[PDB]
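So this first bit is one chain, no partners, the form deposited in one PDB entry, shown in structure tokens.
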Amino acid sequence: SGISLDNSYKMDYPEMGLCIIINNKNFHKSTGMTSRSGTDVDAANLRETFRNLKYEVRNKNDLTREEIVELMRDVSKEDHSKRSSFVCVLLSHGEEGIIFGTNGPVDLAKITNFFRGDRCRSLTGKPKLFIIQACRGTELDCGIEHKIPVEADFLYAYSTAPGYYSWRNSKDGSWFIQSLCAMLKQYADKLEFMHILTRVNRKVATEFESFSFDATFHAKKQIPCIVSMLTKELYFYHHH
């Protein structure tokens, strides 16, 4: 055949792959964590968005830290041979490097490690996308007017910069997930995924600002944070 290029991930396996959505809304009283109003709006938006991208979506609600780890361990031990990619969306409270189960924290690295190139062989060489709506600290943005690496082929789409709070609207859903679904809906059949996420960055950065009766939390801004260890371009569509 003619000249070939391989700059983009193969996304025409029989299945796009799993989209695991962990939606933690209600937390055990003893943790002292507030209920995350608006997160069901996020979970429903994501389910529909990834459904239309032909992901096999699994929604899970209010999982303990133990249930989160067991779920991700079990998913990582499935046969993904016929799947193009893997997507996991985490909706919860968080801190830098951490997301909360309903009863306590989970290290993000513990979750993602299950899918390392050497630990989930049927996903080796395939894009593994972790989408994280959770705080990464308490900073507020005031704004201004042979082998491959085991850590290769991961993408972490963080809702916010390192060290910063992340914003969720109780009526509309989180700024980041709102924006992400909107840009996927509009551009998944047109743009490469980094360029989609870049539009998400701009949407969140320009179109949202917090409103609070509390001066400390009022008029604040947010920028999401794309972390890519991908080795190829990612298009959700394929040719034929």
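Numbering starts at 1 and follows the sequence shown.
Visitor: Quick one: classify how much of the deposited chain lacks coordinates between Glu145 and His146, choosing none, 1 to 3, 4 to 9, or 10 or more.
Guide: The entry has a long gap there, with 10 or more residues left out between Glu145 and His146.
Visitor: Decide which of the stretches 182-190 and 48-56 has the higher mean C-alpha B-factor, going by the entry.
Guide: The recorded data point to 182-190.
Visitor: Looking at the deposited entry, does 106-114 or 81-89 carry the larger mean Cα B-factor?
Guide: Between 106-114 and 81-89, it is 106-114.
Visitor: Can you tell me which of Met72, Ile98, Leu123, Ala152 has the maximum CA B-factor listed in the PDB entry?
Guide: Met72 has the highest C-alpha B-factor of those listed.
Visitor: Between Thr39, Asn201, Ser210, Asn61, which one tops the list for C-alpha B-factor in the PDB entry?
Guide: Going by the entry's C-alpha B-factors, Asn61 comes out highest.
Visitor: Could you say whether, by C-alpha temperature factor, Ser159 belongs to the lowest, middle or highest third of its chain?
Guide: Middle third.
Visitor: Hey, what third does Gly17 fall into on Cα B-factor, ranked over its chain?
Guide: Ranked within chain, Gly17 CA B lands in the middle tercile.
Visitor: Ranked by Cα temperature factor within the chain, is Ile132 in the lowest third, the middle third or the highest third?
Guide: Middle third.
Visitor: Compared with the other modelled residues in the chain, in which third is the CA B-factor of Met33?
Guide: For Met33, the deposited C-alpha B-factor lands in the highest third.
Keep in mind that the form solved in complex with a partner chain is not shown, yet the notes after this line are about it.
Visitor: My question is simply whether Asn26 lines the interface with its partner chain in the deposited complex - judged by any non-hydrogen atom within 4.5 Å.
Guide: No, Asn26 sits far enough from its partner chain in the deposited complex that none of its heavy atoms falls within 4.5 Å.
Visitor: Applying a 4.5 Å heavy atom distance criterion, does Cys181 contact its partner chain in the deposited complex?
Guide: Result no; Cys181 lies far from its partner chain in the deposited complex.
Visitor: Heavy atoms within 4.5 Å of its partner chain in the deposited complex: does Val69 have any?
Guide: Looking in the deposited complex, residue contacts with its partner chain do not include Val69, since no heavy atom lies within 4.5 Å.
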